[PDB]
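Listing of model-v4.cif; format and content: mmCIF, N, CA, C and O atoms.
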```cif
data_protein
loop_
_atom_site.label_atom_id
_atom_site.label_comp_id
_atom_site.auth_asym_id
_atom_site.auth_seq_id
_atom_site.Cartn_x
_atom_site.Cartn_y
_atom_site.Cartn_z
N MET F 1 52.17 19.51 58.94
CA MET F 1 51.68 18.67 57.85
C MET F 1 51.99 19.32 56.53
O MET F 1 51.82 20.52 56.38
N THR F 2 52.45 18.56 55.56
CA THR F 2 52.72 19.13 54.26
C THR F 2 51.62 18.72 53.29
O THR F 2 50.85 17.79 53.53
N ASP F 3 51.54 19.46 52.18
CA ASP F 3 50.57 19.09 51.15
C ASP F 3 50.85 17.69 50.63
O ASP F 3 49.93 16.95 50.29
N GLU F 4 52.12 17.31 50.54
CA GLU F 4 52.46 15.99 50.02
C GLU F 4 52.06 14.88 51.01
O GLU F 4 51.64 13.79 50.60
N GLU F 5 52.19 15.14 52.31
CA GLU F 5 51.72 14.17 53.30
C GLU F 5 50.21 14.03 53.26
O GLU F 5 49.68 12.92 53.37
N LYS F 6 49.50 15.16 53.07
CA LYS F 6 48.04 15.13 52.97
C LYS F 6 47.59 14.38 51.73
O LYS F 6 46.62 13.62 51.78
N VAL F 7 48.29 14.56 50.61
CA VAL F 7 47.93 13.86 49.39
C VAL F 7 48.10 12.35 49.55
O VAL F 7 47.26 11.55 49.13
N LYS F 8 49.22 11.93 50.14
CA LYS F 8 49.44 10.50 50.32
C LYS F 8 48.43 9.91 51.28
O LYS F 8 48.00 8.76 51.12
N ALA F 9 48.07 10.66 52.33
CA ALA F 9 47.12 10.14 53.31
C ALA F 9 45.73 10.02 52.71
O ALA F 9 45.03 9.05 52.96
N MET F 10 45.32 10.99 51.89
CA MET F 10 44.01 10.91 51.27
C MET F 10 44.00 9.75 50.30
O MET F 10 43.02 9.06 50.17
N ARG F 11 45.10 9.59 49.57
CA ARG F 11 45.17 8.48 48.63
C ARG F 11 45.06 7.13 49.35
O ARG F 11 44.41 6.21 48.85
N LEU F 12 45.70 7.00 50.52
CA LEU F 12 45.62 5.76 51.29
C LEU F 12 44.22 5.54 51.83
O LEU F 12 43.71 4.41 51.83
N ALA F 13 43.60 6.60 52.36
CA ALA F 13 42.23 6.45 52.84
C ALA F 13 41.31 5.96 51.73
O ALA F 13 40.46 5.07 51.95
N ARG F 14 41.46 6.52 50.53
CA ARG F 14 40.60 6.12 49.41
C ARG F 14 40.89 4.69 48.97
O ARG F 14 39.98 3.96 48.60
N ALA F 15 42.17 4.29 49.00
CA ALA F 15 42.53 2.92 48.64
C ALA F 15 41.98 1.91 49.65
O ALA F 15 41.47 0.86 49.24
N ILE F 16 42.06 2.20 50.95
CA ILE F 16 41.46 1.31 51.96
C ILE F 16 39.95 1.22 51.78
O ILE F 16 39.38 0.13 51.81
N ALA F 17 39.28 2.37 51.58
CA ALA F 17 37.85 2.37 51.40
C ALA F 17 37.44 1.58 50.15
O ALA F 17 36.51 0.78 50.21
N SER F 18 38.16 1.74 49.04
CA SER F 18 37.73 0.95 47.89
C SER F 18 38.14 -0.53 47.97
O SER F 18 37.47 -1.37 47.34
N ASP F 19 39.19 -0.87 48.70
CA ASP F 19 39.46 -2.26 49.08
C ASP F 19 38.29 -2.87 49.84
O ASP F 19 37.89 -4.02 49.59
N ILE F 20 37.75 -2.12 50.82
CA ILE F 20 36.60 -2.63 51.58
C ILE F 20 35.43 -2.88 50.63
O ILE F 20 34.79 -3.94 50.70
N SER F 21 35.19 -1.97 49.69
CA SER F 21 34.08 -2.11 48.75
C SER F 21 34.30 -3.30 47.81
O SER F 21 33.41 -4.14 47.60
N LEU F 22 35.50 -3.39 47.25
CA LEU F 22 35.81 -4.41 46.24
C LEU F 22 35.79 -5.82 46.80
O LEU F 22 35.28 -6.75 46.15
N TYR F 23 36.36 -6.04 47.98
CA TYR F 23 36.55 -7.38 48.49
C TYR F 23 35.45 -7.83 49.42
O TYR F 23 35.56 -8.89 50.03
N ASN F 24 34.40 -7.03 49.59
CA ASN F 24 33.25 -7.41 50.40
C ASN F 24 31.95 -7.23 49.62
O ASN F 24 30.93 -6.89 50.20
N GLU F 25 31.99 -7.42 48.31
CA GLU F 25 30.86 -6.99 47.50
C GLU F 25 29.56 -7.67 47.94
O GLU F 25 28.52 -7.01 48.10
N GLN F 26 29.58 -9.00 48.13
CA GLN F 26 28.32 -9.68 48.44
C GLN F 26 27.82 -9.30 49.82
O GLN F 26 26.61 -9.11 50.02
N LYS F 27 28.73 -9.14 50.78
CA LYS F 27 28.34 -8.69 52.11
C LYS F 27 27.76 -7.27 52.07
O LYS F 27 26.83 -6.94 52.82
N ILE F 28 28.28 -6.43 51.18
CA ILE F 28 27.78 -5.06 51.10
C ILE F 28 26.40 -5.02 50.46
O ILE F 28 25.53 -4.27 50.91
N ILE F 29 26.17 -5.85 49.45
CA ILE F 29 24.84 -5.94 48.84
C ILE F 29 23.80 -6.30 49.90
O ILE F 29 22.75 -5.66 50.04
N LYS F 30 24.09 -7.34 50.67
CA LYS F 30 23.14 -7.77 51.69
C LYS F 30 22.97 -6.71 52.77
O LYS F 30 21.86 -6.50 53.28
N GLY F 31 24.06 -6.04 53.15
CA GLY F 31 23.99 -5.02 54.20
C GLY F 31 23.18 -3.83 53.76
O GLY F 31 22.41 -3.24 54.53
N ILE F 32 23.30 -3.46 52.49
CA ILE F 32 22.45 -2.37 52.00
C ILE F 32 21.00 -2.83 51.95
O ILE F 32 20.10 -2.11 52.37
N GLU F 33 20.77 -4.06 51.48
CA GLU F 33 19.40 -4.58 51.40
C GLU F 33 18.74 -4.67 52.77
O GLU F 33 17.51 -4.51 52.88
N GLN F 34 19.51 -4.94 53.82
CA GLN F 34 18.98 -5.17 55.15
C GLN F 34 19.12 -3.98 56.08
O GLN F 34 18.79 -4.10 57.26
N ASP F 35 19.61 -2.84 55.57
CA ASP F 35 19.85 -1.64 56.37
C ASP F 35 20.72 -1.93 57.60
O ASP F 35 20.42 -1.49 58.71
N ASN F 36 21.80 -2.69 57.41
CA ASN F 36 22.73 -2.91 58.52
C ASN F 36 24.17 -2.96 58.00
O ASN F 36 24.99 -3.76 58.45
N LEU F 37 24.48 -2.05 57.07
CA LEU F 37 25.78 -2.04 56.42
C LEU F 37 26.91 -1.79 57.40
O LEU F 37 27.96 -2.47 57.37
N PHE F 38 26.75 -0.81 58.29
CA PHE F 38 27.85 -0.53 59.20
C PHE F 38 28.02 -1.67 60.19
O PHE F 38 29.16 -1.98 60.57
N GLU F 39 26.92 -2.31 60.58
CA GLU F 39 27.00 -3.51 61.40
C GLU F 39 27.81 -4.61 60.70
O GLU F 39 28.72 -5.19 61.30
N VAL F 40 27.50 -4.90 59.43
CA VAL F 40 28.19 -5.99 58.75
C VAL F 40 29.64 -5.62 58.44
O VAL F 40 30.49 -6.51 58.35
N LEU F 41 29.93 -4.34 58.24
CA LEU F 41 31.30 -3.94 57.91
C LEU F 41 32.13 -3.57 59.13
O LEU F 41 33.25 -3.08 58.98
N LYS F 42 31.61 -3.81 60.34
CA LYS F 42 32.25 -3.30 61.55
C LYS F 42 33.74 -3.65 61.62
O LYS F 42 34.58 -2.79 61.87
N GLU F 43 34.08 -4.93 61.40
CA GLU F 43 35.46 -5.38 61.57
C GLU F 43 36.37 -4.85 60.46
O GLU F 43 37.53 -4.51 60.72
N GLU F 44 35.87 -4.79 59.22
CA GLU F 44 36.65 -4.23 58.12
C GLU F 44 36.95 -2.76 58.37
O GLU F 44 38.06 -2.29 58.14
N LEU F 45 35.95 -2.01 58.81
CA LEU F 45 36.16 -0.59 59.05
C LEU F 45 37.18 -0.37 60.14
O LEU F 45 38.03 0.54 60.03
N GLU F 46 37.12 -1.18 61.20
CA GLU F 46 38.04 -0.98 62.32
C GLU F 46 39.45 -1.42 61.95
O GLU F 46 40.42 -0.73 62.29
N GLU F 47 39.58 -2.53 61.23
CA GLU F 47 40.91 -2.92 60.77
C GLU F 47 41.47 -1.92 59.77
O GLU F 47 42.68 -1.66 59.74
N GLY F 48 40.61 -1.39 58.90
CA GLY F 48 41.06 -0.39 57.94
C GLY F 48 41.51 0.87 58.64
O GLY F 48 42.52 1.46 58.28
N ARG F 49 40.78 1.29 59.67
CA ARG F 49 41.15 2.52 60.35
C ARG F 49 42.49 2.36 61.05
O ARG F 49 43.29 3.30 61.12
N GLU F 50 42.73 1.17 61.62
CA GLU F 50 44.00 0.88 62.27
C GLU F 50 45.14 0.83 61.27
O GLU F 50 46.25 1.27 61.57
N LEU F 51 44.89 0.30 60.07
CA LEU F 51 45.93 0.32 59.05
C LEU F 51 46.28 1.75 58.67
O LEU F 51 47.46 2.11 58.54
N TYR F 52 45.26 2.56 58.44
CA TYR F 52 45.44 3.98 58.12
C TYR F 52 46.26 4.68 59.21
O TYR F 52 47.22 5.40 58.92
N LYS F 53 45.86 4.50 60.47
CA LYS F 53 46.55 5.09 61.61
C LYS F 53 48.04 4.75 61.63
O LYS F 53 48.89 5.59 61.98
N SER F 54 48.39 3.51 61.26
CA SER F 54 49.80 3.11 61.34
C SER F 54 50.64 3.75 60.24
O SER F 54 51.87 3.71 60.29
N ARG F 55 49.99 4.30 59.23
CA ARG F 55 50.68 4.80 58.06
C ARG F 55 50.61 6.31 57.90
O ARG F 55 51.16 6.82 56.91
N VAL F 56 49.93 7.05 58.79
CA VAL F 56 49.94 8.51 58.68
C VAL F 56 50.36 9.11 60.02
O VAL F 56 50.35 8.45 61.06
N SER F 57 50.72 10.39 59.99
CA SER F 57 51.25 11.01 61.19
C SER F 57 50.16 11.14 62.23
O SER F 57 48.97 11.14 61.92
N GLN F 58 50.57 11.25 63.49
CA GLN F 58 49.60 11.46 64.54
C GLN F 58 48.78 12.70 64.24
O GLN F 58 47.56 12.74 64.47
N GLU F 59 49.43 13.71 63.68
CA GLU F 59 48.76 14.97 63.38
C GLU F 59 47.67 14.79 62.34
O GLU F 59 46.56 15.29 62.51
N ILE F 60 47.97 14.09 61.25
CA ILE F 60 46.97 13.85 60.22
C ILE F 60 45.81 13.02 60.77
O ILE F 60 44.63 13.33 60.53
N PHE F 61 46.12 12.01 61.58
CA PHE F 61 45.08 11.11 62.09
C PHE F 61 44.12 11.83 63.02
O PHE F 61 42.90 11.56 63.01
N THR F 62 44.64 12.72 63.85
CA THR F 62 43.85 13.37 64.88
C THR F 62 43.18 14.65 64.38
O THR F 62 42.08 14.97 64.84
N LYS F 63 43.78 15.37 63.43
CA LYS F 63 43.21 16.64 62.99
C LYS F 63 42.47 16.56 61.66
O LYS F 63 41.54 17.35 61.42
N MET F 64 42.85 15.65 60.77
CA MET F 64 42.11 15.53 59.53
C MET F 64 41.08 14.40 59.67
O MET F 64 41.12 13.60 60.63
N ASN F 65 40.13 14.32 58.77
CA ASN F 65 39.13 13.26 58.83
C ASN F 65 39.09 12.51 57.51
O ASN F 65 38.02 12.11 57.02
N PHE F 66 40.27 12.31 56.91
CA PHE F 66 40.35 11.70 55.58
C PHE F 66 39.72 10.30 55.56
O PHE F 66 39.10 9.92 54.56
N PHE F 67 39.92 9.51 56.62
CA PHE F 67 39.39 8.15 56.63
C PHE F 67 37.87 8.15 56.65
O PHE F 67 37.22 7.44 55.86
N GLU F 68 37.28 8.94 57.54
CA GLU F 68 35.82 9.07 57.58
C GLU F 68 35.26 9.55 56.25
O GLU F 68 34.22 9.06 55.79
N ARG F 69 35.91 10.54 55.63
CA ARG F 69 35.42 11.08 54.36
C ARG F 69 35.41 10.01 53.29
O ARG F 69 34.46 9.90 52.50
N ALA F 70 36.47 9.20 53.25
CA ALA F 70 36.60 8.16 52.24
C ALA F 70 35.58 7.06 52.47
O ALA F 70 34.97 6.56 51.51
N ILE F 71 35.33 6.69 53.73
CA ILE F 71 34.29 5.69 53.99
C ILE F 71 32.91 6.23 53.61
O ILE F 71 32.09 5.55 52.97
N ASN F 72 32.60 7.48 53.98
CA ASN F 72 31.29 8.04 53.64
C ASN F 72 31.05 8.03 52.14
O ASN F 72 29.95 7.69 51.68
N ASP F 73 32.07 8.39 51.36
CA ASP F 73 31.95 8.38 49.90
C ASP F 73 31.65 6.98 49.38
O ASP F 73 30.77 6.80 48.53
N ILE F 74 32.41 5.99 49.84
CA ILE F 74 32.20 4.64 49.37
C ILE F 74 30.82 4.14 49.81
O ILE F 74 30.16 3.43 49.05
N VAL F 75 30.32 4.54 50.98
CA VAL F 75 28.99 4.10 51.39
C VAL F 75 27.92 4.73 50.51
O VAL F 75 26.96 4.05 50.09
N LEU F 76 28.06 6.02 50.19
CA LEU F 76 27.06 6.66 49.33
C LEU F 76 27.08 6.04 47.94
O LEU F 76 26.02 5.76 47.36
N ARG F 77 28.27 5.82 47.39
CA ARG F 77 28.36 5.21 46.07
C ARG F 77 27.78 3.80 46.08
O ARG F 77 27.13 3.39 45.12
N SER F 78 28.02 3.04 47.15
CA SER F 78 27.55 1.66 47.21
C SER F 78 26.04 1.60 47.30
O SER F 78 25.40 0.76 46.66
N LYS F 79 25.46 2.47 48.12
CA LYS F 79 24.01 2.52 48.20
C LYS F 79 23.40 2.83 46.83
O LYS F 79 22.46 2.17 46.40
N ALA F 80 23.92 3.84 46.13
CA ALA F 80 23.35 4.14 44.83
C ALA F 80 23.53 2.97 43.88
O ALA F 80 22.61 2.64 43.11
N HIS F 81 24.70 2.34 43.90
CA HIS F 81 25.00 1.25 42.98
C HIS F 81 24.10 0.05 43.22
O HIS F 81 23.49 -0.49 42.28
N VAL F 82 24.00 -0.39 44.48
CA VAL F 82 23.24 -1.59 44.79
C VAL F 82 21.75 -1.36 44.55
O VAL F 82 21.07 -2.20 43.94
N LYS F 83 21.21 -0.22 45.00
CA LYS F 83 19.79 0.03 44.72
C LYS F 83 19.50 0.09 43.22
O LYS F 83 18.44 -0.38 42.78
N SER F 84 20.41 0.66 42.43
CA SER F 84 20.19 0.71 40.98
C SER F 84 20.18 -0.68 40.37
O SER F 84 19.36 -0.96 39.48
N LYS F 85 21.15 -1.54 40.75
CA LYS F 85 21.16 -2.91 40.21
C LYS F 85 19.93 -3.71 40.65
O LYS F 85 19.35 -4.46 39.85
N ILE F 86 19.51 -3.57 41.91
CA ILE F 86 18.28 -4.23 42.36
C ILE F 86 17.07 -3.77 41.53
O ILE F 86 16.25 -4.59 41.08
N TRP F 87 16.91 -2.46 41.39
CA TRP F 87 15.82 -1.92 40.57
C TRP F 87 15.87 -2.51 39.16
O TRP F 87 14.85 -2.98 38.63
N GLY F 88 17.06 -2.50 38.54
CA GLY F 88 17.21 -3.05 37.20
C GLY F 88 16.85 -4.52 37.12
O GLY F 88 16.24 -4.97 36.14
N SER F 89 17.14 -5.27 38.16
CA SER F 89 16.89 -6.70 38.08
C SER F 89 15.41 -7.03 38.09
O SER F 89 15.03 -8.13 37.67
N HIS F 90 14.53 -6.13 38.54
CA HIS F 90 13.11 -6.43 38.32
C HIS F 90 12.40 -5.32 37.54
O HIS F 90 11.18 -5.14 37.68
N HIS F 91 13.13 -4.61 36.69
CA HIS F 91 12.51 -3.72 35.69
C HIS F 91 13.25 -3.92 34.37
O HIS F 91 13.93 -3.04 33.85
N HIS F 92 13.14 -5.12 33.83
CA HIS F 92 13.64 -5.41 32.49
C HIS F 92 12.71 -6.42 31.82
O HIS F 92 11.91 -7.10 32.47
N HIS F 93 12.80 -6.48 30.50
CA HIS F 93 11.96 -7.37 29.70
C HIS F 93 12.48 -8.81 29.81
O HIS F 93 13.69 -9.03 29.70
#
```

I need this file expressed as structure tokens, please.
Amino acid sequence: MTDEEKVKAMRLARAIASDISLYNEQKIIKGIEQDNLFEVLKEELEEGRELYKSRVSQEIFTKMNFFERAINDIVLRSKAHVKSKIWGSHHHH
């Protein structure tokens, strides 16, 4: 594995993860509200992982965890974002 292959793979993992966030916004809001985000995102996550797999080396896919790391980041950011907007929507004048 080269540093350049690792950079491209991390960039792809992050792009897939933010695609999932951007194009499923309403589903993600409800999933965070109902504590079933991974349930509601099941098909997107699996299709995203398969896309990632087709575009990186077997070595990167099996030994690195770039896809998992990128999904975890987007889930943490989404939880903070959605809870903050919900809080704001009933704490304003």

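A straight line drawn from CA of residue 66 in chain F to CA of residue 41 in chain F is 18.2 Å long.
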
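Close contacts of range 68-80 of chain F, defined as residues with an atom at most 6 Å away when counting only N, CA, C and O atoms, with chain neighbours fewer than 3 positions off set aside, comprise residues 13, 14, 17, 65, 83, 84 and 85 of chain F.
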
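Straight-line separation from atom O of residue 26 in chain F to atom C of residue 40 in chain F: 9.6 Å.
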
>> As a check of understanding, name the residues that the PyMOL selection byres (((chain F and resi 49 and name CA) around 10) and name CA) selects in the supplied structure, as a VMD selection string.
In response: chain F and resid 13 16 to 17 43 to 48 50 to 54 61 67 to 68 71

>> Just list as a PyMOL selection string whatever in chain F DSSP marks as helix (DSSP H, G or I).
In response: chain F and resi 3-23+25-33+37-40+42-55+58-63+66-89

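In this model, the gap between atom N of residue 3 in chain F and atom N of residue 58 in chain F comes to 14.0 Å.
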
>> Assuming the chain letters and numbering stay as they are in my file, what does the PyMOL selection byres (((chain F and resi 27 and name CA) around 12) and name CA) actually select? List them as a VMD selection string.
In response: chain F and resid 20 to 26 28 to 42 44 78 82

Those same residues, written as an mmCIF file, keeping the file's coordinate frame with N, CA, C and O atoms?
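This went into selection08.cif:
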```cif
data_model
loop_
_atom_site.group_PDB
_atom_site.id
_atom_site.type_symbol
_atom_site.label_atom_id
_atom_site.label_comp_id
_atom_site.auth_asym_id
_atom_site.auth_seq_id
_atom_site.Cartn_x
_atom_site.Cartn_y
_atom_site.Cartn_z
ATOM 1 N N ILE F 20 37.750 -2.120 50.820
ATOM 2 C CA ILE F 20 36.600 -2.630 51.580
ATOM 3 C C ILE F 20 35.430 -2.880 50.630
ATOM 4 O O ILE F 20 34.790 -3.940 50.700
ATOM 5 N N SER F 21 35.190 -1.970 49.690
ATOM 6 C CA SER F 21 34.080 -2.110 48.750
ATOM 7 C C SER F 21 34.300 -3.300 47.810
ATOM 8 O O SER F 21 33.410 -4.140 47.600
ATOM 9 N N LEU F 22 35.500 -3.390 47.250
ATOM 10 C CA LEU F 22 35.810 -4.410 46.240
ATOM 11 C C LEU F 22 35.790 -5.820 46.800
ATOM 12 O O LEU F 22 35.280 -6.750 46.150
ATOM 13 N N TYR F 23 36.360 -6.040 47.980
ATOM 14 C CA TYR F 23 36.550 -7.380 48.490
ATOM 15 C C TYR F 23 35.450 -7.830 49.420
ATOM 16 O O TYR F 23 35.560 -8.890 50.030
ATOM 17 N N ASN F 24 34.400 -7.030 49.590
ATOM 18 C CA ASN F 24 33.250 -7.410 50.400
ATOM 19 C C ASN F 24 31.950 -7.230 49.620
ATOM 20 O O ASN F 24 30.930 -6.890 50.200
ATOM 21 N N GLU F 25 31.990 -7.420 48.310
ATOM 22 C CA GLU F 25 30.860 -6.990 47.500
ATOM 23 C C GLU F 25 29.560 -7.670 47.940
ATOM 24 O O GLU F 25 28.520 -7.010 48.100
ATOM 25 N N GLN F 26 29.580 -9.000 48.130
ATOM 26 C CA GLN F 26 28.320 -9.680 48.440
ATOM 27 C C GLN F 26 27.820 -9.300 49.820
ATOM 28 O O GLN F 26 26.610 -9.110 50.020
ATOM 29 N N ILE F 28 28.280 -6.430 51.180
ATOM 30 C CA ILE F 28 27.780 -5.060 51.100
ATOM 31 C C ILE F 28 26.400 -5.020 50.460
ATOM 32 O O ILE F 28 25.530 -4.270 50.910
ATOM 33 N N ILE F 29 26.170 -5.850 49.450
ATOM 34 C CA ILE F 29 24.840 -5.940 48.840
ATOM 35 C C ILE F 29 23.800 -6.300 49.900
ATOM 36 O O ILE F 29 22.750 -5.660 50.040
ATOM 37 N N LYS F 30 24.090 -7.340 50.670
ATOM 38 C CA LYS F 30 23.140 -7.770 51.690
ATOM 39 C C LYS F 30 22.970 -6.710 52.770
ATOM 40 O O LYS F 30 21.860 -6.500 53.280
ATOM 41 N N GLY F 31 24.060 -6.040 53.150
ATOM 42 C CA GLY F 31 23.990 -5.020 54.200
ATOM 43 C C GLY F 31 23.180 -3.830 53.760
ATOM 44 O O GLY F 31 22.410 -3.240 54.530
ATOM 45 N N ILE F 32 23.300 -3.460 52.490
ATOM 46 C CA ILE F 32 22.450 -2.370 52.000
ATOM 47 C C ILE F 32 21.000 -2.830 51.950
ATOM 48 O O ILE F 32 20.100 -2.110 52.370
ATOM 49 N N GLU F 33 20.770 -4.060 51.480
ATOM 50 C CA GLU F 33 19.400 -4.580 51.400
ATOM 51 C C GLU F 33 18.740 -4.670 52.770
ATOM 52 O O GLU F 33 17.510 -4.510 52.880
ATOM 53 N N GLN F 34 19.510 -4.940 53.820
ATOM 54 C CA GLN F 34 18.980 -5.170 55.150
ATOM 55 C C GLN F 34 19.120 -3.980 56.080
ATOM 56 O O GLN F 34 18.790 -4.100 57.260
ATOM 57 N N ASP F 35 19.610 -2.840 55.570
ATOM 58 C CA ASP F 35 19.850 -1.640 56.370
ATOM 59 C C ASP F 35 20.720 -1.930 57.600
ATOM 60 O O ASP F 35 20.420 -1.490 58.710
ATOM 61 N N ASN F 36 21.800 -2.690 57.410
ATOM 62 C CA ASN F 36 22.730 -2.910 58.520
ATOM 63 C C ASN F 36 24.170 -2.960 58.000
ATOM 64 O O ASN F 36 24.990 -3.760 58.450
ATOM 65 N N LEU F 37 24.480 -2.050 57.070
ATOM 66 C CA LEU F 37 25.780 -2.040 56.420
ATOM 67 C C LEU F 37 26.910 -1.790 57.400
ATOM 68 O O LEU F 37 27.960 -2.470 57.370
ATOM 69 N N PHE F 38 26.750 -0.810 58.290
ATOM 70 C CA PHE F 38 27.850 -0.530 59.200
ATOM 71 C C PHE F 38 28.020 -1.670 60.190
ATOM 72 O O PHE F 38 29.160 -1.980 60.570
ATOM 73 N N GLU F 39 26.920 -2.310 60.580
ATOM 74 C CA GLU F 39 27.000 -3.510 61.400
ATOM 75 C C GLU F 39 27.810 -4.610 60.700
ATOM 76 O O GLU F 39 28.720 -5.190 61.300
ATOM 77 N N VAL F 40 27.500 -4.900 59.430
ATOM 78 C CA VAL F 40 28.190 -5.990 58.750
ATOM 79 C C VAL F 40 29.640 -5.620 58.440
ATOM 80 O O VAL F 40 30.490 -6.510 58.350
ATOM 81 N N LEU F 41 29.930 -4.340 58.240
ATOM 82 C CA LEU F 41 31.300 -3.940 57.910
ATOM 83 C C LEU F 41 32.130 -3.570 59.130
ATOM 84 O O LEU F 41 33.250 -3.080 58.980
ATOM 85 N N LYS F 42 31.610 -3.810 60.340
ATOM 86 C CA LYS F 42 32.250 -3.300 61.550
ATOM 87 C C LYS F 42 33.740 -3.650 61.620
ATOM 88 O O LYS F 42 34.580 -2.790 61.870
ATOM 89 N N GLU F 44 35.870 -4.790 59.220
ATOM 90 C CA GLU F 44 36.650 -4.230 58.120
ATOM 91 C C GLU F 44 36.950 -2.760 58.370
ATOM 92 O O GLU F 44 38.060 -2.290 58.140
ATOM 93 N N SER F 78 28.020 3.040 47.150
ATOM 94 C CA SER F 78 27.550 1.660 47.210
ATOM 95 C C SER F 78 26.040 1.600 47.300
ATOM 96 O O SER F 78 25.400 0.760 46.660
ATOM 97 N N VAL F 82 24.000 -0.390 44.480
ATOM 98 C CA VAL F 82 23.240 -1.590 44.790
ATOM 99 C C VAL F 82 21.750 -1.360 44.550
ATOM 100 O O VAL F 82 21.070 -2.200 43.940
#
```

> Within 8 Å of residue 5 in chain F, counting all atoms listed in the file, which residues qualify if same-chain residues fewer than 4 places away don't, as a list in words?
Replying inline: residues 1, 9, 10, 11, 12, 55, 56, 57 and 60 of chain F

Each side padded by 3 Å, which centre and which edge lengths in Å (one decimal) define the axis-aligned box around the listed atoms of range 13-30 of chain F? Give them as lines of an AutoDock Vina configuration file.
```
center_x = 32.7
center_y = -1.5
center_z = 49.7
size_x = 27.7
size_y = 22.3
size_z = 13.1
```
